[PDB]
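A lone chain, given as structure tokens: the form deposited in one PDB entry.
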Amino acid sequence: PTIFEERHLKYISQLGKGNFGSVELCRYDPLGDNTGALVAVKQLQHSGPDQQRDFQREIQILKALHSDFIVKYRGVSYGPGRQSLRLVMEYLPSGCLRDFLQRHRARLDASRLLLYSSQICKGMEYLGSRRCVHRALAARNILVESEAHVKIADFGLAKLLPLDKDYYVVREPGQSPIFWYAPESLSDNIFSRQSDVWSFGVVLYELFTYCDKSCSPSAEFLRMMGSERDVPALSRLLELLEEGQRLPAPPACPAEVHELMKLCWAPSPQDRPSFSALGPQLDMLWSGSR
């Protein structure tokens, strides 16, 4: 059931694109009559050995995960020729949380944002128990399964920690979403479950601003960077963070949630709460808001 025949996968449209891959909406149509189930299918482009190797990793991680808060693996496909590997996932037609928040802001209250926050945290706790660092976590890669249920997706940068080490180091990335990453990741290329906690803090900021473009992390950076304009953003960001500057509390954000953000953004990775510690707090806040 987990091998999809490539000649039965029918392309419909593009769901996502990165440097080295794309996720495409397809129909799996073994009967050839356009009645089959729809699926989301990842494949690589511009890929070298490192990219192919990372994709094999991504498939093994996603296949092993079984959480209500992680996008479901369905299977794999291989065509003829080479570079033929495809990853088949469930398709969630409500799309990403970033877009959903922007579209429906006026009817999504703080209780609903608290629900999403709790669900994302549960998915991250699941990941943590499997020693998996997600790295990419952001509203643009969390999917909406229904209006009261979200799931973590985009495992393109996910990695398992070795059994005896609590972090990994990479060679410097070419293109990082700098406003989501922990300072030790930006400066020293160190990633861990604690860098993921930093990014989750930025996710909370995204949720409680409804991903409004006027107060996006980049927009806030550009306001806070000061009157000197032509300074490289990464260099300046790292200075601001080292000075202790942080994203502001969204006006509508509950004070307790802002305090959690600040804890997620502790300078030392060891001072940040674990997802296991954040979950009960968000759960308490969500259940208090019903």
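So that there is no doubt, residue numbering starts at 1 and follows the sequence shown. If you superpose the two forms and keep the largest set of C-alpha atoms that fall within 1.5 Å, you have the rigid core.
Modelled in this chain, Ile61 is likewise resolved in all the other entries of the protein that span it on both sides, not missing from even a third of them. Of the other entries compared for this protein that flank it with modelled residues, a third or more give no atoms for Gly174.
According to the PDB record, 175 to 183 carries the higher mean C-alpha B-factor of the two stretches 191 to 199 and 175 to 183.
Mean C-alpha B-factor is higher over 75 to 83 than over the other stretch, the pair under comparison being 155 to 163 and 75 to 83. When the C-alpha B-factors of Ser129, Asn141, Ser214, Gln119 are ranked from the entry, the top spot goes to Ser214. If you compare the C-alpha temperature factors of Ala277, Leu9, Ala266, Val23 in the entry, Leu9 comes out highest. Ranked by Cα temperature factor within the chain, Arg135 sits in the lowest third according to the deposited record.
Remark: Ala37 belongs to the highest third of its chain, ranked by C-alpha B-factor as recorded. For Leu238, the recorded CA B-factor ranks within the lowest third of the chain. Only modelled residues enter the ranking. When all modelled residues of the chain are sorted by CA temperature factor, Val170 is found within the highest third. In the PDB entry, a CA B factor belonging to the highest third of its chain's modelled residues is recorded for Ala106.
One more form of this protein exists, namely the form deposited in another entry; it is left out here, but the text below deals with it.
Once both forms are fitted on their rigid core, the CA atom of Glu58 lies less than 2 Å apart between the shown form and the other one. Once you line up the core between the shown form and the other one, the Cα of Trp265 stays within less than 2 Å of where it was. If you fit the rigid core between the shown form and the other one, you'll see the Cα of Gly244 move by less than 2 angstroms.
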